[PDB]
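See structure below.
There are 2 protein chains.
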Amino acid sequence: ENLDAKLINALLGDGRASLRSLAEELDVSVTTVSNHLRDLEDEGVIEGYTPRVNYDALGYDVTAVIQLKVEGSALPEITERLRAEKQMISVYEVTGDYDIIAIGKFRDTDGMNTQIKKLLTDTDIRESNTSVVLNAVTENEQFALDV
Amino acid sequence: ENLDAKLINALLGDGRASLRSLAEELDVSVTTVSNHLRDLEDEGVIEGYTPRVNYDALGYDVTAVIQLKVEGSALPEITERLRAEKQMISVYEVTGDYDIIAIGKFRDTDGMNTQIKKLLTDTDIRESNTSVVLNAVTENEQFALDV
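Chains as they are written, first to last, in the UniProt record's numbering: chain A, 4 to 150; chain B, 4 to 150.
Take a look at the structure:
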């Protein structure tokens, strides 16, 4: 009864929980947990597990939201460029005047400016706007599923 | 040599690897992995572990980037209001004309419109610009550390 949702909600923020702990938490067998976890991964609801890394602690002191205006014919080129840039942790094609939004993590202001100058070598970026993050109140905080 | 970094890199996209698997991959002891992971978690470099959930698979088909302009004095209450809405998975205070950027996941276009309309009933909001995501090229793809 809504076990998958409760299992997902249990792993949220506790993704290295043991099967024994998950089983105790959901009042089910360890085989039941193992089975449901396999099912959810096989169907692609759970894509994988990962640590939440504090890049700030590792010296990536600046996050920036980068907006770009690029004609559709040139989106293939700009998106490939952004995929090559690992510090661009999110890349969105979006409606509106700016049709790319990207979020990057940089060592400091000089680093961010360097990465942007490199990207602006692409002449089909006709307009750009950078917003520097002053407070990340919430970042990629996955919501619990309705049970 | 850069063990903590190789340990984090190992965990990326493999967040539930056994201590044995991690130890054999890094060619160190299970005891080494355990203590280094405990310290990385205690220093706040690893904030926790989580599954990568596919919300499109759970019926959350639509993503939007929401830009808001509020007075600084209102940033605290708007940020808390947005953090309360679990579907807002990112909330940033940023520089520029719009001092808030938020990212929300929604069941569909009608669900997004309803939620934004309610949000824009907040009298602290002086300007808004909602960009609907046409293609989520990359989303919270954490990058490997230099080693």
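Idealized CB from N, CA, C, for every residue including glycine.
- Between the alpha carbons of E4 (chain A) and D113 (chain A) lies a distance of about 53 Å.
- Just so you know, the alpha carbons of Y58 (chain A) and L25 (chain B) end up roughly 21 Å apart.
- What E142 (chain B) touches in chain A, judged by beta-carbon distance under 9 Å, is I92, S93, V94, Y95, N143, going in chain order.
- Secondary structure of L71 (chain A) (DSSP, three-state): strand.
- In its chain, beyond the 5 residues on either side, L78, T82, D102, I103 have a beta carbon closer than 8 Å to the beta carbon of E96 (chain B).
- The secondary-structure analysis by DSSP pairs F109 (chain B) across a beta bridge with B:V65.
- In this structure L123 (chain A) is exposed. Its beta-carbon is surrounded by fewer than 16 other beta-carbon atoms within 10 angstroms.
- Residue pairing from DSSP places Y95 (chain B) in a beta bridge opposite A:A139, B:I104.
- Residue state for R129 (chain B) is assigned as coil, using DSSP reduced to three classes.
- Inclusion of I11 (chain A) and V65 (chain B) in the CB contact set at 8 Å is not warranted, their separation being larger than that value.
- Shown here, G51 (chain B) sits in a strand according to DSSP, grouped into three states.
- Taking a contact as a CB-CB distance under 8 Å, the pair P54 (chain A) and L14 (chain B) counts as one, their CB atoms being some 5 Å apart.
- Put simply, the backbone Cα of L40 (chain A) is about 32 Å away from that of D149 (chain B).
- Contact of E50 (chain B) with chain A is assigned, a C-beta pair being separated by under 8 Å.
- The residues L43, in chain order, have a CB closer than 6 Å to that of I49 (chain A) in the same chain once the five nearest residues on each side in sequence are set aside.
- Across the set B:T133, B:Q145, B:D111, the C-alpha of B:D111 shows the shortest separation from the C-alpha of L61 (chain B).
- Residues of the same chain with a CB within less than 7 Å of the CB of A20 (chain A), apart from the 5 flanking positions on each side, are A13, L14 in chain order.
- Not a single CB atom of chain B sits nearer than 8 Å to the CB of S76 (chain A).
- When only Cα atoms are considered, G51 (chain B) and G107 (chain A) end up about 21 Å apart.
- Residue-level contact by beta carbon fails for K120 (chain A) and chain B, as no gap is shorter than 8 Å.
- Between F146 (chain A) and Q145 (chain B), the C-beta gap is not smaller than 8 Å, which leaves the two residues out of contact.
- Taking all protein chains shown into account, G75 (chain A) has fewer than 16 neighbouring C-beta atoms within 10 Å of its C-beta and is therefore exposed.
- Looking at the DSSP output, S134 (chain A) bridges to A:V68.
- With a threshold of 8 Å between beta carbons, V135 (chain A) makes contact with chain B.
- In this structure, DSSP gives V150 (chain A) a state outside helix and strand, which the three-state scheme calls coil.
- Neighbours of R55 (chain B) in chain A, taken as residues whose beta carbon is under 8 Å from its own, are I49, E50, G51, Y52, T53 in chain order.
- Annotation for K9 (chain A): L29, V150 place their beta carbon closer than 7 Å to its own, counting only its chain and skipping 5 residues before and after.
- Secondary-structure assignment with DSSP links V56 (chain A) through a beta bridge to B:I49.
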